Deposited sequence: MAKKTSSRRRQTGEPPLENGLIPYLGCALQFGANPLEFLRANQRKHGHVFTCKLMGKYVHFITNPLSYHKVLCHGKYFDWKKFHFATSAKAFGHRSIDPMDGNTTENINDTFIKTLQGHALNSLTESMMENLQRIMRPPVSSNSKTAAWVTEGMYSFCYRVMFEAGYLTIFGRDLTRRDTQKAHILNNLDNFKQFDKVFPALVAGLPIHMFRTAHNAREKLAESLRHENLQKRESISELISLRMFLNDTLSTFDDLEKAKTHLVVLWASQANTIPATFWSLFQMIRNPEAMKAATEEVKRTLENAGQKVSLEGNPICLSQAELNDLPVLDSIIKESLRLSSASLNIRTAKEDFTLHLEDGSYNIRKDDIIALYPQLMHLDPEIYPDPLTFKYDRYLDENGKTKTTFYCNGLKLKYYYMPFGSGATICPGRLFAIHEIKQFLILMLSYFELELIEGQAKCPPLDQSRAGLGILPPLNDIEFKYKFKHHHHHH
């Protein structure tokens, strides 16, 4: 058993299998982390996921962890977790299965010219999918629409199989739901065969993502066409493993985007001021880009710049994620060393984890007054432009909004994710009349079973009503 040595942080004994564990018994990961802050101050160590995990919780010390330090390994833990959860051999080039740098592949094909073609394809796919009042769970609606749109955008479409396209997508959606469901457990080292349904779901998704089946598809993303090419040319992976590297991309493209979309839609519709400000901005932008909206007419086309210069939508989305983001931001100690923070100096052993839990900052009332209130204009300045000035103890923060991470540990899809959510909100507002069945119903609590994993979904779905607009 491990004992706190000299200069080491306070050590909380107790095994925490994973952050969302024991939710059914009344566990609350956020409040648990807060309670340790009060007990131990801003740096403490938990036995978390079979690791020793040093939480750094002072917003003003974040920059000391997010810089490219000499004793930080920002990939080891991620690579190992991906292997476990998806079931493939290591993709760390250091283990000799590939010479590919997957991060460069993501950056290369998720930004620049590639991003433009993704964005354009998503807009086209969203309109094909989205074109009386219908009542439905809002999460379930966002799941259908966004899953299909994102799947077809990243993995292209099977045009030989047109009439069985809705069957294939519904199977995939269902399989994805069942696999993603158990993901918090998988990351933690719990065996997938404890989850027979999720295990079958996973392998069925992997099957559908074998190169043999992806070669039948057209308008495949540049990301997946390149990843196929480098699987083939730079790795000694077998055919199933290859399929699972594409499953890693399916999961990453989907697991945060779906709940982010829900929250952004829910929070807009729920708050009449947000809805009015969003509705006007979208009208103004479509009007003077000359884009007509109709169900049967020609599609809408928006420039990168027109999509990007939507500050109200950006603020709505940022505020939605400030409230729902629950990532564990992680790196591993390359060796024994001393970490120097504003809070003091702490000795860290080799292979210890150094973690941030930025939800603690996002909900900090010192940085964000009334932190639990959705303020649609929170990230707008006096000019109605995107606001970038936020403070802690009078000091201007470099890191204050982190739902995509930061540094080298940063979502390569982040610009695309924002584009796709903006596109969805644009189309929802343009195409439909929208009402909450319970306009006064409390906001669902976050479901903290996925704490650590990204954007948290609602604990319960909420019903809403939608109706195609008539344009006069």
Inset, instruction - Write out the missing regions of the deposited sequence in sequence order, one range per stretch. - result: 1-6, 138-147, 489-491
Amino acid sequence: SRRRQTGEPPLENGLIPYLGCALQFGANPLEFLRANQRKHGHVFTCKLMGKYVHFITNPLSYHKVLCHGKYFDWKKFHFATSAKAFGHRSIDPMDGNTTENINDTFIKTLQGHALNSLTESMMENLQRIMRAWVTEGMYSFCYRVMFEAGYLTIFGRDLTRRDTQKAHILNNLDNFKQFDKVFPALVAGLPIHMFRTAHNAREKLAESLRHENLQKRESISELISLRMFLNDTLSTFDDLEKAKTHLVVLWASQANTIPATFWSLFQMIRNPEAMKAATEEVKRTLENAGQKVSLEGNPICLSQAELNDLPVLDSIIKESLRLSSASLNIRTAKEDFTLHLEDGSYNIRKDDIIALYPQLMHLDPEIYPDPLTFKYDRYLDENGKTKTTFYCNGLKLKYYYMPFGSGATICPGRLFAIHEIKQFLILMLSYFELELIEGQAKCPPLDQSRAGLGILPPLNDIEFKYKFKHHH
From here on, numbers count along this sequence of modelled residues.
Legend entry - 439-447 set against 408-416, stretch whose average Cα temperature factor tops the other in the entry: 439-447
Inset, instruction - Report the stretch with the higher mean CA temperature factor, choosing between 316-324 and 346-354 on the basis of the entry. - result: 346-354
Inset, instruction - Please pick out which of 120, 287, 148, 174 has the largest Cα B-factor as recorded in the entry. - result: 287
Inset, instruction - Name the residue from 329, 140, 388, 103 with the greatest C-alpha temperature factor listed in the entry. - result: 103
Inset, instruction - Taking the values exactly as deposited, rank residue 66 by C-alpha B-factor within its chain and report the matching third: lowest, middle or highest. - result: highest
Legend entry - B-factor third for the C-alpha atom of residue 309 within its chain: middle
Inset, instruction - Would you check the entry's CA temperature factor for residue 99 and let me know if it's in the chain's lowest, middle or highest third? - result: highest
Inset, instruction - Among all modelled residues of this chain, ranked by Cα B factor, put residue 136 in the bottom, middle or top third, i.e. lowest, middle or highest. - result: middle
Inset, instruction - Just say lowest, middle or highest third for the CA B-factor of residue 293 relative to the other modelled residues in its chain. - result: highest
